[PDB]
Amino acid sequence: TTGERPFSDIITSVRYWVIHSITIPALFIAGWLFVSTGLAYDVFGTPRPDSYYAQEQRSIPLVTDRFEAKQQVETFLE
Amino acid sequence: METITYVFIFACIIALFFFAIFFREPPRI
Amino acid sequence: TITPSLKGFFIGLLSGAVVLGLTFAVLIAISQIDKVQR
Amino acid sequence: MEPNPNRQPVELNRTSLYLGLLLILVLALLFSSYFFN
Amino acid sequence: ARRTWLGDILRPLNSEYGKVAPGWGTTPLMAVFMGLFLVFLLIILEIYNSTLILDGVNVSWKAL
Amino acid sequence: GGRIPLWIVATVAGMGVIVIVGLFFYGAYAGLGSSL
Amino acid sequence: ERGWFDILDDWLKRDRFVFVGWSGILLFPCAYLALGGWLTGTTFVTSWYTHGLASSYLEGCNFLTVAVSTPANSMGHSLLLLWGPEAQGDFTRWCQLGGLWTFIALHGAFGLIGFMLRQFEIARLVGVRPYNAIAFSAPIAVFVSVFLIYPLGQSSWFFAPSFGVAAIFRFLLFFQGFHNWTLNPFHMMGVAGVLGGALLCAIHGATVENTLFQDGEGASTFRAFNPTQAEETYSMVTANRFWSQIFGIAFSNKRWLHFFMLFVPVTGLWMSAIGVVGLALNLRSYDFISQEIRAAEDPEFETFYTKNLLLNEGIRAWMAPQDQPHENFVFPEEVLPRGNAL
Amino acid sequence: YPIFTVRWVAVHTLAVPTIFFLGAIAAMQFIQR
Amino acid sequence: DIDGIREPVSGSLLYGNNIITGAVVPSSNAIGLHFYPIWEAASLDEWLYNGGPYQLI
Amino acid sequence: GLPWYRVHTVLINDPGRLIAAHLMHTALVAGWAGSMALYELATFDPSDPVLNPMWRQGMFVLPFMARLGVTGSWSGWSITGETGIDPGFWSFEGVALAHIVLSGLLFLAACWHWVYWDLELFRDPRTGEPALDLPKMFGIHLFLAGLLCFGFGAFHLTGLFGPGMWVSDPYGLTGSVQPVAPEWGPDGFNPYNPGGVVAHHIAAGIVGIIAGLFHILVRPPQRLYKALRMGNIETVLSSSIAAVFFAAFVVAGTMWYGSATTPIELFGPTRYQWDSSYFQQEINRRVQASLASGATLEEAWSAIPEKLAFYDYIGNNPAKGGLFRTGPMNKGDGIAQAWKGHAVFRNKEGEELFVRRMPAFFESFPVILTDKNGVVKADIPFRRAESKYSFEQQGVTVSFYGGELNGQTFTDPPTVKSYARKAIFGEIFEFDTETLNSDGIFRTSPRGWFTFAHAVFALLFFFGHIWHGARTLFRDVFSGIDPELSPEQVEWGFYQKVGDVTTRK
Amino acid sequence: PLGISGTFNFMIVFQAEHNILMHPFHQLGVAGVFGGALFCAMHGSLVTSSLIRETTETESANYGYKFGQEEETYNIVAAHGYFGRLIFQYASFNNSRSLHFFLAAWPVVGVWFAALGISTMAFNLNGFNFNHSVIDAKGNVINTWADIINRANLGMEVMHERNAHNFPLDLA
Ligand code: CLA
Ligand code: CLA
Ligand code: CLA
Ligand code: CLA
Ligand code: CLA
Ligand SMILES: CCCCCCCCCCCCCCCC(=O)OC[C@H](COP(=O)(O)OC[C@@H](O)CO)OC(=O)CCCCCCCCCCCCCCC
Ligand SMILES: CC1=C(/C=C/C(C)=C/C=C/C(C)=C/C=C/C=C(C)/C=C/C=C(C)/C=C/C2=C(C)CCCC2(C)C)C(C)(C)CCC1
Ligand SMILES: CC1=C(/C=C/C(C)=C/C=C/C(C)=C/C=C/C=C(C)/C=C/C=C(C)/C=C/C2=C(C)CCCC2(C)C)C(C)(C)CCC1
Ligand SMILES: CCCCCCCS[C@@H]1O[C@H](CO)[C@@H](O)[C@H](O)[C@H]1O
Ligand SMILES: [Ca+2]
Ligand SMILES: [Ca+2]
Ligand SMILES: [Cl-]
Ligand SMILES: [Cl-]
Ligand SMILES: [Fe+2]
Ligand SMILES: [Mg+2]
C-alpha cells in the first residue's frame, strides 16, 4: 500500500506485453550476439579455446610483475 | 594431572545439570 | 613531478567527485520537484 | 558523608547463575587442552 | 554539593551544558575539513599501498 | 486490471525457466565444459 | 519542509516499495556493483593470468565452478584500482589482472556498511530498538576478517577466498591442510553457534507450531492468527511443561528466549572471526606439543590428532604446486607423501 | 498510477542485464572447442 | 585396532589424549559389520583391543 | 536490581565517581606497565644483541622503552651492547619505578574522588542536576592533546630537548636512538621515513592546538547537538571507541608491514622480508662484491655479519608461530649461539645445488635441490623404490663458508641430509636447546603477538562502537517500544514519509 | 568416531572418498544450517527489537514478561513494519504461525538433505566430478577450481590409513 501500481496488474495487462514482447527478446538476442560475434572475448580479455597456449608452449602465462603485468599479458599475447 | 583436570570439569558439569533440573527456579504462573 | 600514478590518483578523485556530484544534483532536483504534502 | 543517590542493588537470578556456570565450565572444558598443549 | 578552591576556579569551564549555536552553524566548514581529511587518508593509504607512487618517495626500508 | 490471466503468465513464464535451464544442462554434455 | 537538506530528507524517506533513506545512497550503488561485478566476472571473465584457471560460463565452467578469482600473488595487496598503476585505465587488462576481485570485495564491504546503516535508519523511523543492526555485526566481522584481514596478514590478496562455489570449497580445504583450522577452538565456538542457532531456529519454530491455541475451525491453522491480536498464538505454559519434562529444562521467559536466539549465532560468528584474525598471521592451533613429543619418541603412539596431520601433509604436498603457481613448485614423484599402494 | 518510479528503476537495473546475460549464456551452450 | 591391521589407536584420556584428541574408537575392520557384543569376545581384554565399546555405545 | 552486565551504569549521572573509576583504570594500566617492565628486566639477557636480542626473548614493553630513547640499565649495560654506561634516572628500571609510583598516586586520587563525588563543580548551576559540558571538555582536552603532541614532536623526537627516537639502516644492523629532523616534503608520508613521524607530530600538534581553541570557543550547531545527542555522555563513548578501533587497526598494520616506528631490532624482522628474500638478496650482493674485489669464497662469506645471516632465517619470521605455542622464540628453536656458516651443496659433477626454501605457509616441507636454473638435481625421497634423485645416487656434498664450520666439507649422506633439512630454513645456526628445554617448534616474535592482540581488540571494539552508538541514538526505546505505538506508523502508505505523522496521506 | 578429532578425521576421509563438498545434498545441508543460524539471529533480533516497554532502565527488560501471561510481549506489526521496509513488504511475515512454520521447516528440511547426503554417499553416489571438464582447442586440460579441489582430495586419499591398502584402488 505504498502507491505504485500492483505487479499483478502490470504483468497481466496487454500493454505490458506489447512493450515487452519486443524488449525482452531484443535484450536476449543482443546478449546472444555479444557472445556469437566473439566480442565478449575481446571486451574481457578471455582466451578463446585456441588461445590458452601456443602450439608447443606448455607453461601458463602467469603474471609475475605487479607494475609491468599489463605489459607481460601483452607480451604473453604475443 | 591433566586427566584429573578434564574429568573434574566434566564432573562439575554433570552436577550442574542435576541442580539446574531438580533445583531450578520453579516456573510460576 | 606529476608521476603517471599521481595523474591516475587525480583522475580517480575527479571521477568520484563527479559520481557523487551528479548523484546529489539529481536527488536534490528530484526532491525539489516531488515534495511531500503537509 | 551524605549518601550517594546513584547506588543501585545488583542481581543475578538462579537461572543466570546456572547459565553462567555452564558457559564458564564448558569454556574451560574446551580451552583446557590448549592450555596444557 | 561541596565547593572547593579548585572547583570555584574551574566552575566557568563546566557551566554551559546544553548551549548551542543557532541552526546549522559551522556545519558546512566542518564538512570541508572532513572531505579534506578523507582525501588525506586516501593519499597516505595509496602511498603505503603503492597505488600512489611519488618521485623521491621509496616506500621500503631500503631507501626509506 | 489485466486482460491476460495470471495462471497463464505463471505457466508460460515457468515453462520458459525450464527451457533455459534445460538448455544449460544440455550444454554440460556438449561443447565447452563437457570433458570431451 | 525547510531547506534543501530537509527536503532531500523527506524524499529519501518516502514510504515506497523499496525504501531508500540516506543509507540507500551508499548501499544501493555498492550492493549493485558487488553483485553485478560477480555476475559479470563469473559469466565472462577468466582467471588464466592470475591462477592458470578457467572460471566463467564463457570458458565452459558451470554454476559450481565459476568464480571471480583473486589477483596474482605478484599484485600483493594492491587496491588494483581501474585507474591505478597496474591496469592504468585499461578495462580489459584490469579484468585479466583480477581487478574484479578487489572491485567486488571493496564495493561489497561498503555495501554491508550501507545495509547495516539501513537497519539503524529504518529502526529509528519505525521506532524499534536496533537489535537487527546489532545482530548483523556478526556477518560484518566474518566478511571483514575472512575477505580483508586474512589476506592482509598473508602475502597478498591471492590467498583471500575467490568468489565462487568451488573456489570457496578450495578455501576450506586449504585451511584444513595448512592451518589445521578444525582444531582451532575459535572455529569450534563458531560451529557451536551455527549448529546451536540452527537447532534453536528448528526447535522454536516446531514448538510454537505444536503448542498453538485452536483459534479457528480450519485444519490448516495459519488463517487462525491476526497480526493485531492481543493474545499469544501459542501456549508458553504448555511448551514449558513439555520441554521441562522431555529435556529437563525449558524456557519460561519469552523475552530471554528471543534474546538468546540473537546471542548464540551472533556470538559464534564473532568467535570464528577472531580465529581467522589469528590465521592471518599463521597464528594457528596447529599442534599439541605434548602429543608431538610423545609421538616423536614412541612410534607405537597414535591418536586421531596424529592421523589428521598426516592428512594435512598430503593436502599440502598434493595441492600446493597447482594451488600456488607463483611458487613454481616442482615436487618429483619420489618426494610426495603417500601411504602404501595409493 | 505513475509509470517510472524508484521501484521501476530498481526492477530494470536487475531485469535488463539479467535477460542480456541469459542470452549470452544460451549462446555459450553452442560453443565447441 | 580400528583398521584391523594390528595398529591400535589410543582414544582415552589415561592413554595420552586430551579432550580434543580423545575418542571412543570405532570397532575393528576385521569385524566389519559383524555383531560384536561383549559375550562374543574371549575376554574383556580382547573386546577392548577390538573396539567393542564403540558398538555397545 | 541492575543485571551484572550493567553494574557500571551507576556512573552515568555521577561525574565525580566516573572520574574516580577512570583514575582507577589509569592506576591499573600504569601499574601493569610498571610490573611488566620489572618482570622483563628480571628475565632479560642483555649479553648478546646480535643473536639474542629482545625480540628473541618474548620482550613486549622493552622495545617500547627503547623506541623512545630508554636503552640503558642502572646495572650498566645498554640495549646496543654497551658496557659502563650511565643512563641517569631514566633507565628501564627508572621508567618501571615511575610507572609504579604514578599507579600509587592515581589510586589515592581515585579514593578521594570516590568519597568526595558531590562536588558543586559537577552540578549544572541552573538546574542543580549533575552535568558535564562535553563540547567544551572536548576543546580543552583537544587543546592539551595538541600541545603535548606538538612538544613530543618538537622537543623529544628532534633531540632539541629529549633523546630522539630509534632509527637504523635498511638491514637492522646498527640501530640506535638518534635525534631526527622533521621531513616537510612528500617523503614525510612515507611510513619508512622517521622524519615524517617528527613532522607528523609538529603539524598535527599545531592543528590540534587550533582545533582545540576552536572547540573551546565555538558552540556546537543546534543541528549537530541534537543529531549526535551531545548532552549524552554515551555519544562520546561511541565515537571515542570508533576512533580507538581505527587507531588499533593502524598500529596492527604498521607492526605487520613494518615502518619507521616498528624497527626490526626491537620487534624482529617482518614476514615479508622472508617472502621477498630481502636479507638473502643483500647477503648475496655483499658476497658477490667481495668476490669481485678478489676475495676467496671463504673470505667473502666470512665477511657477512652474523646479525645479517640471522635475519635470513625462518626461525625469525613472525608468521611461523602457533596461537598456543607460548613464550619467547628461544623456547622453540633454542637460544641462537653462532652462525654455522653458509652451506654450499654440490653433486658428484661438482655443480652447485640450492635447497628450495620453506614458504611461511608450510609447517613441514620436503628437501629438494635444484641447479642455478631451477632444474631438480637431488632430493630426499619418501618412497625409495623408484628414487632417482637421492643424495646417495647424486653424490651430494656440503661445504661451509664463514661461521663455525668455515672450510669444512661433509660427504656422509645422513650428515649432508641433516644440513639440507636446516637449509630449508635459510642460513644455518647453532642453538642452545638445553637452557630453556626448547622443544624445537617455532614461535612468533613480539611483532606477531602485538599484531594479533591489536587486530583482535580492534575488531571487538567495532562491536562496542555499534553497541554504544545504538544505545545513544535509541536511548528513548532502551526499555522497549511505545506500548501505544500507532499501527498507522508501521502500516504502508498511511504516512507519505516513513515515521512522520505530519505527512499523513 | 565418538570424539572431536575423530569427527574431523571422518570428515576429511569422507571428502577424499566422496567429494561431499561437491554434493548438492551437503550443499542443501549448509544452506540449512547457515540459514537456520541466520533466521535464528533474525527472529531473535526482530522480536527483541519490538518488545513492549514494561520496565525501567535499571531493570532487565526480561522482567517485562511474566510466565503464562495472556498478552503477546512484543509488537509483531512493529517488527513486520521494520522488516518489510528493510527488504520489501511482501518479503516479510506478518503471520506468526507462518513465520514459525518457516523457522521450523528451513533448517529441518536442509538437515534432512544433509542426512540423506551422507546416507546416499554411503552407497557411493558421490559429489559432482568436473575433473578435467574444461579442455582447450588442442585437448590441453584447462584447470578450474574443481581441479584444485581434486588435488586437495588426492592428498587426503593417498595419506589416509597409510598402512591399510595393498592394492591400487580404495573400493570401500
Ligand atoms: C556511494 C557510491 C560508491 C562508493 C562508496 C564507491 C567506492 C569505491 N569505488 Mg565505485 N562506483 C560507483 C559508486 C561508488 N563507489 C558508481 C555509481 C560507479 C559507476 C560509475 C562506480 C564505478 C567504479 C569503478 C569502475 C571503480 C570503482 C572503484 C571504487 C573504489 C575506489 C574509489 C576511489 O578511490 O575514489 C576516489 C574519490 C573519492 C573518494 C571522492 C572524494 C570526494 C571528495 C570528498 C571531494 C574532493 C573533490 C575535488 C574538489 C576534486 C578535485 C580533483 C582534481 C585534483 C582533479 C572504492 C571501493 C575502483 C575499484 O573498485 O578498484 C578495485 C574502480 O576501479 N567504482
Ligand atoms: C559442522 C561443520 C561446520 C560448520 C557448522 C561450520 C561453520 C562455520 N564455518 Mg567452518 N569449516 C568446516 C566445518 C564447519 N564450519 C570444516 C570441516 C572446515 C575445514 C577446515 C571448515 C573451514 C572453514 C573456513 C576456511 C571458514 C569457515 C567459516 C565458518 C563460519 C562461516 C560463517 C558464515 O556464515 O560465513 C558466510 C559469510 C558471511 C556471513 C559474510 C557476509 C555475507 C553477506 C551478508 C552476503 C550477502 C549476499 C548478497 C545478499 C547476495 C548474494 C548473491 C547470490 C547470487 C549468491 C561458521 C562459524 C569461516 C569463518 O570462520 O569466518 C570467520 C571461514 O573463513 N570454515
Ligand atoms: C596486547 C597484549 C599483550 C601481548 C601482545 C603480549 C605479548 C607477549 N607477552 Mg605479555 N602480558 C600481557 C599482555 C600482552 N603480552 C598481560 C595483560 C600480562 C599479565 C597477564 C602479560 C604477562 C606476560 C608474562 C608473564 C609473559 C608474557 C610473555 C609475552 C610473549 C609471549 C606471549 C604468549 O605466549 O601469548 C600466548 C597467547 C595465548 C595462548 C592466547 C590466549 C587466548 C585467550 C586465552 C582466549 C580466551 C577466549 C575467551 C575465554 C572466549 C570467550 C567466549 C565468550 C565471549 C562467549 C609475547 C611477547 C611471555 C614472555 O616471553 O615473557 C618474556 C611471558 O613469560 N606476558
Ligand atoms: C572504553 C571502552 C568501553 C567502556 C568504558 C564501556 C562501558 C560500558 N559498557 Mg561497553 N563495550 C565495549 C567498550 C566499552 N564499554 C566493547 C569493546 C564491547 C564489545 C566487547 C562493549 C560491549 C558492551 C555490551 C554488549 C554492553 C556494554 C555495556 C557497558 C556499560 C556497563 C558495563 C558494565 O557494567 O560491565 C560489567 C562487566 C562485568 C561485571 C564483567 C565483564 C568481564 C569481561 C567480559 C571479561 C574480563 C574483562 C577483562 C578484565 C578485560 C581487560 C580489558 C582490556 C583487555 C580491554 C558501560 C557504560 C552494557 C550496557 O550497555 O549497559 C546499559 C552492555 O550490555 N558494552
Ligand atoms: C558497519 C559499519 C558501521 C556502521 C553500521 C556504523 C554505525 C553508526 N555509526 Mg560508526 N563508524 C564506522 C563504521 C560503522 N558505523 C567506521 C569504520 C568509523 C571510522 C572510525 C566510524 C566512525 C563513527 C563516528 C566517529 C560516529 C559514528 C556514529 C555511527 C552511528 C550513526 C551513523 C553514522 O554516523 O554513520 C557513519 C557513516 C558511515 C560509517 C558510512 C561512511 C561511508 C564512507 C564515507 C564511504 C567512503 C568511500 C571511500 C572513500 C572509497 C575509497 C576506498 C579506498 C579503500 C580506496 C551508528 C551507530 C556516530 C554516533 O555514534 O552517534 C551517536 C558517531 O559519532 N561512526
Ligand atoms: C510435505 C513434504 C515436503 C517435506 C516437508 C515440508 C514442510 C513440512 C516439513 C517441515 C517439518 C518441520 C517440523 C514441524 C513443523 C510443524 O509443526 O508444521 C505445522 C504446519 C501447520 O500445521 P497445520 O496443522 O496448520 O497443517 C498441516 C495439516 O494439519 C493439514 O492442514 O505444517 C505445515 O504447514 C505443513 C505444510 C505442508 C506443505 C506441503 C509440502 C511442502 C513442500 C516444501 C519442500 C520443498 C523442497 C525443497 C528442496 C530443495
Ligand atoms: C562490473 C563492472 C561494472 C558493473 C557491471 C554491472 C552492474 C553488471 C550487472 C550485471 C547483472 C545484473 C547481471 C545479471 C545476470 C543474471 C543471471 C545470469 C541470472 C541467472 C538466473 C538463473 C539461471 C536462475 C536460476 C534458478 C534459481 C536461482 C533458483 C530457481 C531455479 C533456477 C534454476 C531457475 C561497471 C559497468 C560499473 C564498470 C566496472 C565493472
Ligand atoms: C599505593 C601507593 C604506592 C604503591 C603503589 C603500588 C606498589 C602499585 C602497584 C600496582 C600494580 C603492581 C598493578 C598491576 C596491575 C596489573 C594489571 C591491571 C593486569 C591486568 C591483566 C589483564 C587484564 C590480563 C588479561 C589477559 C589474560 C589474563 C590472559 C591472556 C588474555 C588477556 C591479555 C586478555 C606508593 C608507594 C608508590 C606511594 C603512593 C601510595
Ligand atoms: C549533505 C550534508 C549537508 C550538511 C548541511 C549543510 C547546511 S546548509 C544550510 O541549509 C539551510 C536550510 O535551513 C539554509 O537555509 C542555509 O542557508 C544553509 O547554511
Ligand atoms: Ca630437552
Ligand atoms: Ca579446432
Ligand atoms: Cl586416516
Ligand atoms: Cl587393499
Ligand atoms: Fe518466536
Ligand atoms: Mg557446453
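Residues numbered from 1 in each chain as written, not as in the entry; some residues may be left out. Chains lettered and ligands numbered in written order. Part of a larger assembly, values for the part shown. Heavy atoms only, no water. Residues with missing side-chain atoms left out of burial classes, pairs and counts.

Per the PDB record, the structure was determined using X-ray crystallography to 1.85 Å resolution.

Engineer: If you had to explain the nonpolar core to someone new, which residues and values would you point to?
Structural biologist: Among the nonpolar cores identified, the biggest contains 222 residues, and G:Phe44, G:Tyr150, H:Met28, J:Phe345, J:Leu369 and K:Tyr82 are the most heavily contacted of them. Among the elements that line this core, the one with the most residues is helix α6 (residues 131-153) of chain G, at 14 residues. When we break this core down by domain, the ones giving at least three residues each are domain 1 (1-270 + 444-505) and domain 2 (271-443) of chain J. Ignoring sequence-local partners within four residues, the contact set of J:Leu369 consists of J:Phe345, J:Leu353, J:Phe354, J:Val355, J:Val375, J:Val376, J:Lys377, J:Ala378, J:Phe391 and J:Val396. In this structure, J:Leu41, J:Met54, J:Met59 and J:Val61 belong to the second largest nonpolar core, which totals 21 residues. (Core = buried A, V, L, I, M, F, W, Y, C linked by side-chain atoms within 4.5 Å. Buried < 20%, exposed > 50% of the residue type's maximum accessible area, 1.4 Å probe, protein only. Helix = DSSP H or I, 4+ residues; strand = E, 2+ residues; numbered from the N terminus. Domains from an automatic or database assignment. Contact = heavy atoms within 4.5 Å.)

Engineer: How would you summarise the UniProt feature "transmembrane region" in chain H if you had to cite specific residues and measurements?
Structural biologist: According to UniProt, the "transmembrane region" feature falls on residues 8-24 of chain H. The span residues 8-24 of chain H is 100% helical and 0% strand by assignment, and the distance between its end C-alpha atoms comes to 24 Å. (UniProt positions renumbered as here; feature names shortened; annotations may be inferred.)

Engineer: Which residues make up a nonpolar patch on the surface, and what values do they have?
Structural biologist: Nonpolar side chains collect at one region of the surface, where I:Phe35, I:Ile38, I:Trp39, I:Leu44, I:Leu48, I:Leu56, I:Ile57 and K:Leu2 lie side by side and expose about 960 Å² of accessible area between them. For I:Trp39, the location among the structural elements is in the loop between β1 (23-24) and α1 (44-49). When its relative accessible area of 72% is taken as the criterion, I:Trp39 is described as exposed. (Patch = residues over 30% accessible without salt bridge, like charges linked within 9 Å, V, L, I, M, F, W, Y side chains within 5 Å. Areas by Shrake-Rupley, 256 points an atom, 1.4 Å probe, with all protein chains shown as cover. Salt bridge = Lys/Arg side-chain N within 4 Å of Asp/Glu carboxyl O.)

Engineer: Describe the interface of chain K and chain G, naming the residues involved and giving the relevant values.
Structural biologist: Counting from both sides, the interface comprises 92 residues of chain K and, opposite them, 96 residues of chain G. Going through the elements one at a time, α1 (4-18), α2 (24-49), α3 (76-86), α4 (96-121) and α5 (145-159) of chain K are the ones with two or more residues in the side of chain K that touches chain G. No other element matches the 16 residues that α2(K) contributes to the side of chain K that touches chain G. Among the residues forming the side of chain K that touches chain G, the class breakdown is 50 nonpolar, 31 polar and eleven charged. (Nonpolar A, V, L, I, M, F, W, Y, C, P; charged D, E, K, R; others polar.)

Engineer: Quick one: what's the story with the UniProt feature "binding site: heme" in chain H, residue by residue and with numbers?
Structural biologist: Residues given the UniProt feature "binding site: heme" here are H:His12. Note that H:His12 resides in helix α1 (residues 6-28). When its relative accessible area of 22% is taken as the criterion, H:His12 is described as partly exposed. Excluding residues that lie within four positions of it along the chain, H:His12 makes contacts with A:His20 and H:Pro17.

Engineer: I'd like a description of the pairing of strand β7 (residues 397-401) of chain J, backed by residues and values.
Structural biologist: Remark: a regular strand shows side chains that alternate across the two faces of the sheet. All names here are of chain J. Among the five residues in β7, five count as buried, and that is most of the element. Taking every second residue as pointing to the same face, both faces of β7 are buried, with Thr397, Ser399 and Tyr401 on one and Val398 and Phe400 on the other. The sheet contact formed by β7 and strand β8 (residues 409-410) spans two bridges and is antiparallel. Bridging across to β8, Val398 finds its partner in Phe410. (Pairing = 2+ DSSP bridges.)

Engineer: Talk me through the side chain of G:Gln176; I want residue IDs and the actual numbers.
Structural biologist: Looking at the element boundaries, G:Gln176 is found in helix α7 (residues 165-179). Relative accessible area serves as the criterion here: at 7%, G:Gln176 is assigned to the buried category. A polar atom in the side chain of G:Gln176 sits 2.7 Å from the side chain of G:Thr182. Apart from residues lying up to four places away in sequence, G:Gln176 is in contact with G:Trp181, G:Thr182, G:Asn312, G:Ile315 and K:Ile12. (Polar contact = N/O pair within 3.5 Å; in protein donor to acceptor, adjacent residues only side chain to side chain.)

Engineer: Give me the interface of chain J and chain E: which residues, what numbers.
Structural biologist: How big an interface is tends to be stated in terms of accessible area lost as the parts join. Between chain J and chain E, the contact holds 43 residues from the first and 37 residues from the second. Sorting the residues of the side of chain J that touches chain E by element identifies α4 (134-157), α6 (222-227) and α7 (233-257) of chain J as the ones contributing at least two each. With four residues, α6(J) is the single largest residue contributor to the side of chain J that touches chain E. When its residues are assigned to classes, the side of chain J that touches chain E shows 23 nonpolar, ten polar and ten charged.

Engineer: How would you summarise unusual backbone geometry if you had to cite specific residues and measurements?
Structural biologist: Although it is not a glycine, E:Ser50 adopts a positive phi angle of roughly 60°. Mapped onto the fold, E:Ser50 is located in the segment after α2 (27-48). One non-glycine residue, J:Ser277, adopts positive backbone phi at about 50°. Within the element layout of this structure, J:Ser277 appears in the loop between α9 (271-275) and α10 (278-292).

Engineer: Mind laying out the pattern of salt bridges, listing which residues take part and the relevant values?
Structural biologist: One pass over the full model with this rule turns up 36 salt bridges over all chains. When the shortest N-O distance is used, the salt bridge between E:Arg3 and E:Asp8 registers 2.9 Å. Residue E:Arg3 is classed as exposed on the basis of its relative accessible area, which comes to 63%. For J:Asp439, the salt bridge identified is with J:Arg443, shortest N-O distance 2.7 Å. For J:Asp439, a relative accessible area of 22% translates into the label partly exposed. What makes J:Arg443 buried here is its relative accessible area of 4%. Through salt bridges that share partners, C:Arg38, G:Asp9, G:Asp10, G:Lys13, J:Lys497 and J:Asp500 make up one connected network.

Engineer: An account of the site of ligand 2 is needed here, citing residue identities and associated values.
Structural biologist: The environment of ligand 2 is made up of 24 residues, and the closest members are G:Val146, G:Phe175, G:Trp181, G:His187 and G:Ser272. The local environment of ligand 2 is shared, drawing residues from chains G and K. A distance of 3.2 Å separates a nitrogen atom of ligand 2 from a polar atom in the side chain of G:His187. Contact distances for ligand 2 include 3.5 Å between an oxygen atom and a side-chain N or O atom of G:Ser272. Secondary-structure elements contributing two or more residues to the shell around ligand 2 are α2 (23-44), α6, α7, α8 (185-210) and α10 (254-280) of chain G. In terms of residue class, the shell around ligand 2 is made up of 18 nonpolar, six polar and no charged. (Near = heavy atom within 4 Å.)

Engineer: Provide a residue-level description of the site of ligand 5, including the pertinent values.
Structural biologist: Around ligand 5 sit 22 residues, and of these J:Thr235, J:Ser238, J:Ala242, J:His465 and J:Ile466 come closest. The separation between an oxygen atom of ligand 5 and a polar side-chain atom of J:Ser238 is 2.6 Å. Here a nitrogen atom of ligand 5 and a side-chain polar atom of J:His465 are 3.0 Å apart. Mapped onto the shell around ligand 5, the elements with two or more residues apiece are α2 of chain E, α5 (99-126) of chain G together with α7 and α15 (446-473) of chain J. Residue classes in the shell around ligand 5 are distributed as 16 nonpolar, six polar and no charged.

Engineer: Give me the packing of helix α1 (residues 2-22) of chain B against helix α1 (residues 14-36) of chain D: which residues, what numbers.
Structural biologist: Interhelical geometry of α1(B) versus α1(D) gives an angle of 165° and a closest axis separation of 10 Å. By the angle class used here, α1(B) and α1(D) are roughly antiparallel. The handedness of the crossing between α1(B) and α1(D) is left-handed. When α1(B) is examined against α1(D), the residues B:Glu2, B:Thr5, B:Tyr6, B:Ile9, B:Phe10, B:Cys12, B:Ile13, B:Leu16, B:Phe17, B:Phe19 and B:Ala20 are found in contact with a partner set consisting of D:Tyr18, D:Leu21, D:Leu22, D:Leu25, D:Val26, D:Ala28, D:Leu29, D:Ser32, D:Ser33 and D:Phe36. (Axes fitted to C-alpha atoms, helices over the stretch in contact; angles between N-to-C directions. Parallel < 35°, antiparallel > 145°, perpendicular 65-115°, else oblique. Left-handed = near helix turned anticlockwise from the far one by under 90°.)

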